[PDB]
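Peer 1: So for the sequence shown, the deposited numbering puts the first residue at 284; every next one is plus one.
We put the CB at the ideal spot given by N, CA and C, even for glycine.
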Amino acid sequence: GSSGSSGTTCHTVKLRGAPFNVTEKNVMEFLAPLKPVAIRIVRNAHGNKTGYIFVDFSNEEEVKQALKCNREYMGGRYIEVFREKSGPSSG
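#1: What's the call for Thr333, buried or exposed, on a 16-neighbour Cβ count within 10 Å?
#2: Under 8 Å Cβ to Cβ from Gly300, same chain only, skipping five residues before and after it: list those, please.
#3: Which first and last residues belong to the beta strand (DSSP E) in which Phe365 is found?
#4: Using 8 Å as the cut-off, can you tell me whether the region 314 to 324 makes contact with the region 337 to 346, which would need three or more C-beta pairs spanning the two stretches below that distance?
#5: Does the Cβ-Cβ distance between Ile336 and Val320 come in under 8 Å?
#6: What's the gap between the Cα of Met357 and the Cα of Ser285?
#7: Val305 lies in the beta strand (DSSP E); which residues open and close that run?
What follows is the structure, encoded as structure tokens:
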């Protein structure tokens, strides 16, 4: 209703290029030593991990550092980290 006001959002990071045997653990060790708040795995329509994992953090730093770990390899596939400007996605 005629809204629109900039407001710092909850920093969020996205991870893609993960195998089928990927879990919250892998993400933790991948994002480590950083420690996120909640690791939400993108479950496609038919429930399937299609190279996509939403991870949130407490302080911006943790996130800013998360980007550092770019062009990495875990599980058995190339991973690409991206900073989600918006932030929240679920709902």
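Peer 2: Here's the rundown:
#1: By the neighbour-count criterion, in which 16 or more other beta carbons inside 10 Å mark a residue as buried, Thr333 falls on the exposed side.
#2: Excluding residues within five positions, the ones whose Cβ falls inside 8 Å are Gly334, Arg360, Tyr361, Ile362 and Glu363.
#3: Here the beta strand (DSSP E) through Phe365 covers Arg360 to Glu367.
#4: Yes, the region 314 to 324 is in contact with the region 337 to 346.
#5: Contact: no.
#6: In a straight line, the C-alpha of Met357 is about 45 Å away from that of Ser285.
#7: Neither: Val305 is in no beta strand (DSSP E) and is coded neither H nor E.
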